[PDB]
Structure formats: C-alpha cells, structure tokens
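As a plain string of letters, each chain reads:
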Amino acid sequence: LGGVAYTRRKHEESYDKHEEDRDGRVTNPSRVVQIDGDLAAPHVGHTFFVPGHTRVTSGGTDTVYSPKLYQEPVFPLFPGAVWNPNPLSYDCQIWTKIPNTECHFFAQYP
Amino acid sequence: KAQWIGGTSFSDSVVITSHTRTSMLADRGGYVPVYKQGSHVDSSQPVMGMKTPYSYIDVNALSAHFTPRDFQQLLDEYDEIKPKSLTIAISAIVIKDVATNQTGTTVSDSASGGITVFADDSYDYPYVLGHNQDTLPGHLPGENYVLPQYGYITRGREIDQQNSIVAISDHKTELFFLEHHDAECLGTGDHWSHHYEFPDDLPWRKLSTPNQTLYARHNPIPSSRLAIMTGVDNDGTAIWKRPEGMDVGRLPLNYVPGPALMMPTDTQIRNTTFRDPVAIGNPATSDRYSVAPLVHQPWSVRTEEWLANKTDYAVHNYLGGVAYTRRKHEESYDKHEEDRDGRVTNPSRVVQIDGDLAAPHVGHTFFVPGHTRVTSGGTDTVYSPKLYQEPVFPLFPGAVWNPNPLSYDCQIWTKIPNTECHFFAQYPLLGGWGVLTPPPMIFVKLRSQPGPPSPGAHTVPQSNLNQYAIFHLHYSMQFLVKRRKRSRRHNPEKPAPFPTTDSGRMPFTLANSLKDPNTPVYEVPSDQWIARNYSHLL
Amino acid sequence: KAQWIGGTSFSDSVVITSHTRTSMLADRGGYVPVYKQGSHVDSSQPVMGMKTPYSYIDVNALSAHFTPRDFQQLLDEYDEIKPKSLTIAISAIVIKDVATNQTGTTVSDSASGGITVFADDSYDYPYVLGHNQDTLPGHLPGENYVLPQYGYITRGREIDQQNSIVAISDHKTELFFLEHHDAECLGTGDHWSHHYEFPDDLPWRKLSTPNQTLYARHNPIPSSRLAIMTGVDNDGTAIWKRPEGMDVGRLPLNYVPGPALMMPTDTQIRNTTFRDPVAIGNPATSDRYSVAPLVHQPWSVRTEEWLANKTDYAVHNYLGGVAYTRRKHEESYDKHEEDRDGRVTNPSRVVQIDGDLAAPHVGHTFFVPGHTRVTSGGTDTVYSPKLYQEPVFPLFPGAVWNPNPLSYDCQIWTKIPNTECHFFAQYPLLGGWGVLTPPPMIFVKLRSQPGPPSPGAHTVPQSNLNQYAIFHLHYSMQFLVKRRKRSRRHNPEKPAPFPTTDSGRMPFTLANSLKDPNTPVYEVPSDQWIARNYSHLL
C-alpha cells in the first residue's frame, strides 16, 4: 500500500479508450516488482519482541493508555544508516525539480 | 575622533545598519554563585550557576539593527537576507562617582575611572549569547541600555536524594575568572571597537513566501501515468487507480513535507494547562526538560475563521509554540513584578498566515479502513498496536521544508553547540542563523577602585567606591541581501499585511497619551512582524 | 529574424517594457468626410471631420506598457518615473483574402498582399494621439488589437443660421491624403520598426505622496515672529495677533496652494444634471465647450465618512472630474449599444485618498465679518459686489501645487498644441506628459488590390478584393526612473492601498465564471490604481 505502478498506455489502440470506466480504475499496471535482492529483506516491526511487559510504562503510562507498544510503524532514519533508493524502471522518470525551498534533505533522490 | 554613528544604507548588494546608544555599567558584585536546588514535585532542576562582575553586550536581534521602516524596506525591495558582519564600538566613556551623603546622592566625574573590556575570539568562556534572554537595547533611542550582567550555568553530579534533586558539584563544576585574561583598560576619552565577520557559509534566509502548495505542482490537465494502489478487493484483486491531474491530495509525490509534531492548537479548550509542552525526559513523574519549538513549524497559524469571513480570525497557538514578550518601553512603575511565575499577557505571537509550503497538518497516516490486518486486534499482547494516528511525523530521506521566517524580533545568530556531529544546525529552531564561530561576547566591567585601606585593623575591606560608567555603544551590522526577482506574473501581488496594533494606532510610533499625559507610549504591533512578503514559485 | 518580444526589465536607472500582440487591419473605406451639424438647443457643435482609409496605432497608456505586477513593482521600489523612449515594430505580416461565396466565407493567404506603413517625423498630419480615445491593446494578450481608423477634425466658417449651427466650410477646410507621402510597402515576411525617443526635457513625475500639509510646516514649539492683522477695533486700533506655532490655519505662509475650481462634489443631491461641468463659452444659451479637468485637482476624493469609521467611505466625485471607462475584456454580446448617449456605469474613478498637498477646499475668502465696508451694501448699483465666495481661486505668483498622479490607465503623452506661448503645458491636465514632439502617429493601411477591370463597360470600379492583414505589433517603451530615497523615519509606512475589485476577487486576474462557464472574466479594480505609494517630505 502506497506503492505505485506505471499505467500501461494504449499503443495505437483504436476505440479501446473505454473512458466509461471512471474514477481511474486501472487493470494490470506495470508493478515494478523487485525480486527481493534488496539490501535488506522486506521487514515490518521496529521492535517486535515478546518479553511481556516493558516494566517501564508496563501496564500503562500516566493513564489508561497502554504505551510504548512494541510494533512501531515507520521505522525512522537514525544517524548511522544505509539504504538504496528505488532502482530505475524502464519507465522511470528521468528528472524532477527539487522544490525551490530553503532546506531539503536527500532531495537528489526523488 | 569620536563620531556618533547612525542610519542605515541599502544597496543592491548589502544592508548596513548602525545605531549608537548611551549605555551604562552598573557596579556588579564580585563573583557570586547562584545555586537553586531542583524539585521533582515541580519541574525545577538543580542549576549551579555563576554570576560575574563582568557585563556583556547582547546586540542579537533583528529589531535592534533594523529600524521598523528599515525593516519594511528590507522586505519590499529584497529577498534572501544573510548577515555579513558586525562591528561594536565603545566610545565616549565617562565614569561618574556616586557619593552617598546625608545631604544626598551627588554624582561627579571621576577623571581616574576606567573600564576593562575584551572579547572572546577564542570562545573560551561559556557563550551566553543567542538564547533569547531579554538583554537588548530598548527600541527607543533615548532609552538607556544598561549592560546585562554575565553569568553561566555549570553542572555537577545531579542526584535524586529525595523529592528534591540537588547538585553536589563533585564534578564538572567550572569557575571562570574573567579577571584572568587579556583585556584592554579603557578610560575617559578612549575608543575601543571590535569588528567581526560572519562565515561565508551561512545560508541565505528567504524573505519571501513559497507560492505553491508542496503537493500540488503539476499540470491539472493530464492524468498521471502512475497508478496508486488504493486497496485490495475480491481477495487479492489489488485494485489500482490512476489519479487525474486535478486530484491534488491523491497524487503520488516525489518530495514529502518536513517533520511535524502535529500538536493540538486551541483544540483543547480545557482549563487544565500542560506543565511543559514537549519534553524529552526519562522520569515518569520525576523530571523533564522541554524541547519547545522541536521542529520548524508555525508557532501560531492565522487559520481564518468562516463566519462570513469573520473580521477577527481565530489565531491558533500550537503548544510548544513561542511568542516574544513585549518589553516595557520607558514604562515607569508598571514593572508589576507582583505577577509571578512569569505569566505574560498579549505577547507577540509570530502568526503565520498559512502561506506555508504545506498546510497545517496533524496525522501521519489518518485513515479509516478498519483493522490493518497485520497486528489488527493486537500484536503479541493486549496492546492494540500501529495506531493510525502517529505523532511526530518523522523526517524521511526525500523531504522538503522551510524553517521559520524571520520575525522582526527574531534573534540573529546563535552558537551551534560545540559537538561532534550536528544535523541542520545552521537553522536554529528558535531564530535566525546558527553559527560555528559567533560574534564574540564582549565583556565589560568597571575598573574596580577600592576604598581607603585600613591599617590592618578590622580586616574588612572597605566597599569599592560606588561608581558607574556611561558610554556610547556603536553597533553596526552588515547584511548581505539580494533584490527580489519578481515572479513574472500578470497579477498585482497582495503585499504582506501591514502591522496592526491592538490600539489601532500606527505601529512603531509614539502615541501621545494612554490614560496619562506624562510620557508617550511607544506602540508595537499586536503580533510579530514576519519578514515574509511576496510569493515565489517553489 | 523575427522574434516575439515581451517581458519587462527593471534596473536602478531605467524600466524597459515590451509587449507583442497580434494585430489586424480591417479594410477601411476610402476617404469619407463625416459632417455633423450642431444645434444650439442641444450642446452639439458642427464638425467637418474626415475619415481616412489609413489606420494608426495608439499605444498611449501606462496600462498598455506596464503589466499590473510590473506597475506594482514600479511603485514599491521606485519614484519619479519619466518616459525615456518608445519603439514600435510591425512584424510577421500575413495578409488573408476573404472570399465570400454561397458556400461560405473562406479566408486564404494572399502571397501578393501588402501593407503600407509610415510615420510622421514631421508632424505634418493632424496629430490624433493623446486625446484619450479608446483605441488601445486589450489588457489581455490573446485579445486581438484591431488598429483604429484614422480621422481628423477640421473647421470651416461656423455660422448660426438658425437654432442649428452648421459649418459651410468656405475656409480652413483641409484634406490630407496620406496616400501622397513617402511610405514603405510591406509584405509577408517584412519587418518594419520605428524607434523614438522622448525629449530629455520632460519632468520627473513623482510616484510618491507629499508628506506634510502645505500650510503646516514649522516648529509647533515657538510662537511666530510675525503679527497678522486680525481686524480693526475701537475705530482704528487695528489689533494685531501673533499666531502660535501650533495654529496651522492662522499662520501666515510663504507659498499659496495652486489653483482650484472649488466645484461641488455630491453636495448637490438634486436629480438635475449639469449639461456640461465647466465650459468657457460666450452664448447665454446658444453654445459652449467644456474645459473639464480645468485644473490639477483630485477628480474624486475618498473623504472618509465618520460613522464609526464607515467601512465604505463616501467617494466624492467633483463635477468636471473624469473617470476611465472600463473596457469590455473579451466580452461577447455584452456590447449593449442599446444604451445611448454614452451613459456609463461604474467607471474607474481615480479616487485620491486625500494625501494631497493641501486638503480639498472651496472658498477663496470665506469669512463672516458682515459687510466689507468697501462696496458694502452695493457698488455703484443694486449689484451686491465682492461676494466672499469666489469660485476658481486663481494662480498667484508665489504658488505651489502638484499635478494629478499617474493612474494605471493614465495616458503617457500628449502633443502640446503648436502655439506661440503656452503655460505649464508640460503637465497635461488629463494625463502624463505633454511633449512638443510626440511619438509619431504610425499610419498603416492594406495595400489596395482592385478587382478585375471592366472593359470600360459599366464604368463602376469593382470593389477592392476583400482582404485583411494580421501581424505582430512589437511595442517597447523605456522609462527613466529613480529608486525611492526613503524618508528616514522610525515608522513603518503604510503602503498605498492594494487594489479592490467590486467582485472581491483579486484584481487583474482571470475569474472562472461570472454567471457563465463560457469565458473567464478579467477583473479590474473598482477604482483607478494610483501611482502614489509612499510619503515624502515636501
């Protein structure tokens, strides 16, 4: 989810326009499937473990809220870190304009 | 040759601002520590502190250097101001002697007095400038500038002995005698100036607002050639949707917004108050320390109401936001210290108009699918995880943001802490320009004149002769600027809103009477003037 | 080498504006006179007139040269704009042939067509530019500019024969065949440009408002050293009064205001209308001709109401004032010619905000003594003379005034009539700059292609082949300007009010729909934009 796939264009395709399909439902786009040769295997849990309670904020914090839940979404960029951007699909756009803005971060990789 | 310096000069290249103000040196006591123990019940935390007989000059604000009209022209004709240099000159030193008599207090020149001034080019003393503490020249020339005393915090071993935390100071306690250092004895008729130049490495701070919403830049006419996965259907269908150009929220984008704390702004109406807005600390209730403007975000957003385009918009102040406290302008017997715990009414709130690169926003992933169907009911436990609202949307590799604009009261520089590795430190969250080598702290003190020596009789040194120095303080600062390249557009572009005073009178002017005839009330805008004036395409 | 020219360039010295617009040459009939007899019952006056097959290009307005945004920057950063030069280039000439058939109208290129263009550097033909007649390029690029036909008024012997006055034309009637003159035949693929430079003698027209009331400039602190005679007492006492500095109305002044017509502005509410506002004529009822903006005065003054600082101020329009008629922007089937006698609703009124050098004023000597005691009851007659209210306060030797500002639609130049002696002619009452040698009128016409010749059979020449030319019209104009020297003051100075549209939408922009989807409505401000932006000390 949040992935992106290039829509297959109609090649000299006559009267197949089929605009009658609305809200842009697209069948069979090019999906940019990586083979999992990735620098790191596909992964989802920041800290996944099954100790039981953390024994800090163990039952709950200052409230009924049960905090510091082991699954944390969006594992964040830390100071020591290494990654590769997405490869170049044959349909990949070549360039883009880094928005004209005061400070940007790794903007060279769209 | 002493000449009173003043006036500003705009050029296409550079802005040169100059002020001169009568200054005073009180006699500050000897080195005194101030040790305030902390308490875990409250938020207090132990500080060892030090107070020094020395006094320094903090010239750091834009308001100091740019006359309001000079700040106005700054925006009208320019963009991208970066500070170039800073000169400071003490001159016209004259040192009075305060003789206290039963007759009365009679001040008289001391031909023999002196002051002792030096600057740290080596940054070898705790650098206290740039933390936004109110020591500054009053906005009104003719308001004497009494130089702030110098002190510095130091830490010991900080132990929780009881409900109250105290610093025993068995380590890491430092004592800086500025007495022991090379300084220049000055006296009546001496001129001491110190010229300083900021790094060339400083970034250009734009004075202009971004034109376009970050996420809507594209041709509204075409459909995208990408298909976002909307969601899965019919058990594995994975339906795809090609967003049209118009669809701004739904179009996949190359560049994400900068970080955000997604804090509630006036959404809580509850009379209860946050002890501290944002604090990274590791005490459940034991202690904390704030990180207030933890990100570059509008501290306060205009957020126009809709009731028939209500004349007074509801201004939303984000918790952790910061507002400049209005100083008292030649204000006599209004000190009103009886208000304690620093409750401040009507500060300048730095209200952005939501011309922001990206609209104010709060939810990282906000959606209403129902269960994620990974960790859907709960993870390995009763804990119901991966909750859709995630606070503190994080900085990712592709990302774009703008730091806060330059308020007319914004601090000009600050010292990037001397540390091994820092990240975007050149943009201070709270102010204008982080600098590795900042303008030196210029330490000044009266040359001490002791009283008559006793014939070794009572072994109590007579107090120093009471005296104080008054002098002109020339401080000139040069800014590098670039004239605005106007977006080539056919529309007249509505200017940034002219300041507004609560009083309704013109801002930055002397009003005759506010329920007095005695002294004029200098009037500052209701909200902080923001240096963002004209749009520019991003 | 034909290149489309466009865009403006601001410099400290000079402003260079360039536009290019597809233009058209209709086929204009042969020389035709238009003789309209005058009537004394009405205000009509006989005009002999002439209409010419030639057509000329009238580029004269500021609105033509300065894009609204380019006019905005003009004021923000500049003062004292004076026009430096004017280039005009015809290029990309292409000449269609309109073939009317029962099939239909089929336009087709004519490789053989031509146009014939020349300019008057000798001013030997009636100079028709600069009278503010609506022939101009539409504000919207993409609105084709169809060149105006050329005609000229000439006078004969004008006799009152009856209720209706007619010109018998037994004298002073002139016939200008522009055919007989050196012109340059142009055709498809030809470039013709004519560069022109205004005199250096032109005055600098200030873009900034005077700061101070004319009559209050002095030190409020001292009393004057002069004594005005207030009036006589005790039969010859002649009491004198020394005005204090504060007394602004009563202090004798070195420099009087300029002339004034002291006309009523919305003080008459009566439904009756003036046939003509101001007319110097010598017929009791027989005839007149207006002098409308007879002086330099605000045509319309803002004159803020007082009802709690009423949101919509009552705008007072002085009789004899003038307002620019809003042109229809690509407006289809709204021509509405059915409204006759040129009643115009909602023109741009050139409303000054009363930042004037001297407040709006009407009475020369207004006072209430009672009798003058010279000519007190009456003079030599029943006539009661020297009436206190005197209209048309006259220009005296010591005097000071400013001409009208530069509206965004203000005409740029006009031709000072060729006459023996003229007075302040360099300031036209109605517009920007009087010039002795103005930009030449550039006369253009289709090279006429006659139809098939008859074998001398019916002796009626076939009509010319119907055809029309379309071409790019490059017109670039350079303005000399001076960057503003800001008054050195501590106040931020409130900018000139940003334009306001009746619609409330942003000015000079394309609005999607006004009760239509079909075409966008270009929106111009409710009132004329005035080039006066920032105060300056007078």
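The name given to chain B in the PDB entry is Human Parvovirus 4, with the source organism recorded as Human parvovirus 4. Listed in the archive, the entry goes by the title "The capsid structure of Human Parvovirus 4". Here is the UniProt Sequence similarities (unreviewed entry) comment for chain B, exactly as written: "Belongs to the parvoviridae capsid protein family." Quoted verbatim from the Subcellular location (unreviewed entry) heading of the UniProt record, the comment on chain B is "Virion".

The name the PDB entry gives chain A is Human Parvovirus 4, with Human parvovirus 4 as the organism.

Caption draft 1: Main features of the overall build of chain A. On a plain count of helices and strands, chain A comes out with 0 helices and 3 strands. Start at the N end of chain A and walk to the C end: the helices and strands fall as β-β-β. In terms of overall dimensions, chain A is more spread out than a globule: its C-alpha atoms have a radius of gyration of 22 Å, far above the 13 Å expected for 110 residues. Once the C-alpha set of chain A is aligned to its principal axes, its extents read approximately 65 × 35 × 35 Å. Taken over 110 residues, chain A has a buried fraction of 17%. Counting only contacts in chain A whose residues sit at least 6 apart along the sequence, the fraction spanning at least 24 positions is 45%. In the structure as shown, chain A presents an accessible area of about 9300 Å², 55% of it carried by carbon and sulfur atoms. Across chain A, the 10 positively charged side chains and the 13 negatively charged ones have centroids separated by 3 Å.

Caption draft 2: Representation of the relation of the copies chain C and chain B within the structure. Mapping chain C onto chain B calls for a screw motion: a turn of 180 degrees about the axis and a shift of 0.0 Å along it, with 0.0 Å RMSD after fitting. Those values place the two copies in the arrangement expected of a two-fold rotation axis. A share of 100% of interface residues in chain C that are also interface residues in chain B marks the association as one of identical surfaces.

Caption draft 3: Focus on the environment of B:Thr116. All names here are of chain B. Here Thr116 is to be found in strand β7 (residues 115-119). Since its relative accessible area comes to 11%, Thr116 is described here as buried. Distance from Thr116 to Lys172, taken between C-alpha atoms, is 29 Å for residues 56 residues apart in sequence. Those residues in contact with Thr116 that sit more than four places away from it in its chain are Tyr54, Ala183, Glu184, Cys185, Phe443, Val444, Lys445 and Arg447.

Caption draft 4: Main features of the interface of chain C and chain B. If you look at the interface, chain C gives 32 residues, while chain B gives 32 residues. If you look at where chain C meets chain B, you find 2 salt bridges. Measuring nitrogen to oxygen at the nearest pair gives 2.7 Å for the salt bridge that ties B:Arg486 to C:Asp70. Put simply, chain C and chain B have 8 residue pairs in polar contact between them. When residues of the side of chain C that touches chain B are traced back to their parent elements, those giving at least two are β1 (7-10) and α2 (68-77) of chain C. In terms of residue count, α2(C) provides more of the side of chain C that touches chain B than any other element does, 7 residues in total. Split by residue class, the side of chain C that touches chain B holds 11 nonpolar, 11 polar and 10 charged.

Caption draft 5: View of the packing of aromatic side chains. In this structure the tally under the stated criterion is 58 aromatic pairs over all chains. Pairing B:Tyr125 with B:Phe443 gives two aromatic rings, centres 6.2 Å apart and planes at 85 degrees, and the pair type is edge-to-face. You can see B:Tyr125 sitting in the loop between β7 and β8 (145-146) and its partner B:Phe443 sitting in strand β24 (residues 442-446), a full 318 residues away along the chain. Residue classification places B:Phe443 among the buried positions, given a relative accessible area of 0%. Counting every residue linked through ring pairs, the aromatic cluster contains B:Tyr54, B:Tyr56, B:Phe118, B:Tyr125, B:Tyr150, B:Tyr152, B:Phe176 and B:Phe443. In this arrangement the basic side chain of B:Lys482 is found over the ring face of B:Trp204, its NZ or CZ atom lying 4.4 Å from the centre. One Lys or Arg, C:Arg205, reaches over the ring of C:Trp433 and ends 5.3 Å from the middle of that ring.

Caption draft 6: The arrangement of the sheet that holds strand β15 (residues 226-231) of chain B in detail. Read from one edge of the open sheet, 4 strands run β1(A)-β15(B)-β16(B)-β2(A), paired in antiparallel fashion. Where the open sheet ends on each side, the last strands, each with one partner, are β1 (4-6) and β2 (25-26) of chain A. Pairing of β1(A) with β15(B), which is carried by 3 bridges, proceeds in the antiparallel orientation. Directly across from A:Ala5, in β15(B), lies its bridge partner B:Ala227.

Caption draft 7: Representation of the interface of chain B and chain A in the model. Taken together, the contacts link 49 residues of chain B with 46 residues of chain A. The contact between chain B and chain A buries some 4100 Å² in all, and 60% of this surface belongs to carbon and sulfur atoms. Together, B:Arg225, B:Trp240 and B:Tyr383 form the three largest contributors to the area buried by chain B at its contact with chain A, with a combined 19%. Counting across the chain B and chain A interface gives 1 salt bridge. Inspection of the region where chain B meets chain A yields 14 residue pairs in polar contact. If you list the elements that add at least two residues to the side of chain B that touches chain A, you get β15, β16 (239-241) and β21 (399-401) of chain B. Take the side of chain B that touches chain A: its biggest share by element is 6 residues, from β15(B).

Caption draft 8: Geometry of the side chain of C:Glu523. Residue and element names in this part refer to chain C. Note on placement: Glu523 falls in strand β27 (residues 521-523). According to the relative accessible area criterion, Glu523 is buried, its value standing at 7%. Excluding residues that lie within four positions of it along the chain, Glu523 makes contacts with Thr501, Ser503, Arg505, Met506, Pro507, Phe508, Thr509 and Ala511.

Caption draft 9: Local environment of the pattern of salt bridges. This structure, assessed with the given rule, holds 35 salt bridges over all chains. The salt bridge involving C:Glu331 is made with C:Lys328; its shortest N-O contact spans 4.0 Å. Residues joined in a network through salt bridges with shared partners are B:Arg302, B:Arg349 and B:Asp527.

Conventions adopted
Residues numbered from 1 in each chain as written, not as in the entry; some residues may be left out. Chains lettered and ligands numbered in written order. Part of a larger assembly, values for the part shown. Heavy atoms only, no water. UniProt positions renumbered as here; feature names shortened; annotations may be inferred. Helix = DSSP H or I, 4+ residues; strand = E, 2+ residues; numbered from the N terminus. Rg over C-alpha atoms; globule rule 2.2 N^0.38 Å. Buried < 20%, exposed > 50% of the residue type's maximum accessible area, 1.4 Å probe, protein only. Contact = heavy atoms within 4.5 Å. Areas by Shrake-Rupley, 256 points an atom, 1.4 Å probe, with all protein chains shown as cover. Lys, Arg positive; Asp, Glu negative; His and termini not counted. Charge placed at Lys NZ, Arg CZ, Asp CG, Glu CD. Least-squares fit on C-alpha atoms. Salt bridge = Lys/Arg side-chain N within 4 Å of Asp/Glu carboxyl O. Polar contact = N/O pair within 3.5 Å; in protein donor to acceptor, adjacent residues only side chain to side chain. Nonpolar A, V, L, I, M, F, W, Y, C, P; charged D, E, K, R; others polar. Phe/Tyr/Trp six-rings, centres within 6.5 Å; stacked < 30°, edge-to-face > 60°. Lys NZ or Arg CZ within 6 Å of the ring centre and 35° of its normal. Pairing = 2+ DSSP bridges. Buried area = accessible area lost by both parts, 1.4 Å probe.

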